[PDB]
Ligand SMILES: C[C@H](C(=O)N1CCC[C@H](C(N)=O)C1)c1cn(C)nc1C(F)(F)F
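We begin with a single chain expressed as structure tokens, specifically the form solved without the named molecule.
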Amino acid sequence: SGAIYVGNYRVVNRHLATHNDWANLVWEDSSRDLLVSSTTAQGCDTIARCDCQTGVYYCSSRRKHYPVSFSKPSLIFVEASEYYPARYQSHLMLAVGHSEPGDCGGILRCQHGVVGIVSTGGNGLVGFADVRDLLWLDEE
């Protein structure tokens, strides 16, 4: 589990969105595994605006933050998980690291701020849904 809180936006894995998220929907994209809902209170997070390929992510299944190198966001085939069938997921970054389903929502951060959230795992990789292209998160 986990979210990004930027301005009056809450960014979650689409597959973990709650009824309240869907009732306060700003934007969602199944292909990206992302959903954004509106918040009443302002959030503590700053979104990275950059093309970093190194950062640190939180792994809940290890209670640990790991430094990683990661691929640039791309359209990637993802094997079946407990929460999606095998499918193509867009805007996904991969790193070598540990990820189980419940690790989804852990933050990946670089020197510029929040890069994305854990969205995939298995076979020794961790996949992160990028948010750095979502410029509208920073305004309005």
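Residue indices: 1-based, along the sequence shown. In this text, rigid core is short for the largest set of C-alphas that superpose within 1.5 Å between two forms. Residues that one form lacks are left out of the comparison.
What follows is about the form solved in complex with the named molecule, which we do not show.
This form has no room for the named molecule: after superposition of the C-alphas round the site, using its pose in the deposited complex, 3 or more of its atoms sit within 2.4 Å of a backbone or C-beta atom.
Contact annotation: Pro101 falls within 4.5 Å of the named molecule in the deposited complex, judged by heavy atom distances. In the deposited complex, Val78, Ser81, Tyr83, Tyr84 are the residues of 61-86 with at least one heavy atom within 4.5 Å of the named molecule, listed from first to last. The residue that stands out in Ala80, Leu75, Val96, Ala41 is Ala80, the single one whose Cα moves by 2 angstroms or more between the shown form and the other one on a rigid core fit. Moving regions between the shown form and the other one, defined as 3+ consecutive residues each with a CA shift of at least 2 Å after core superposition, come down to one: 80-86.
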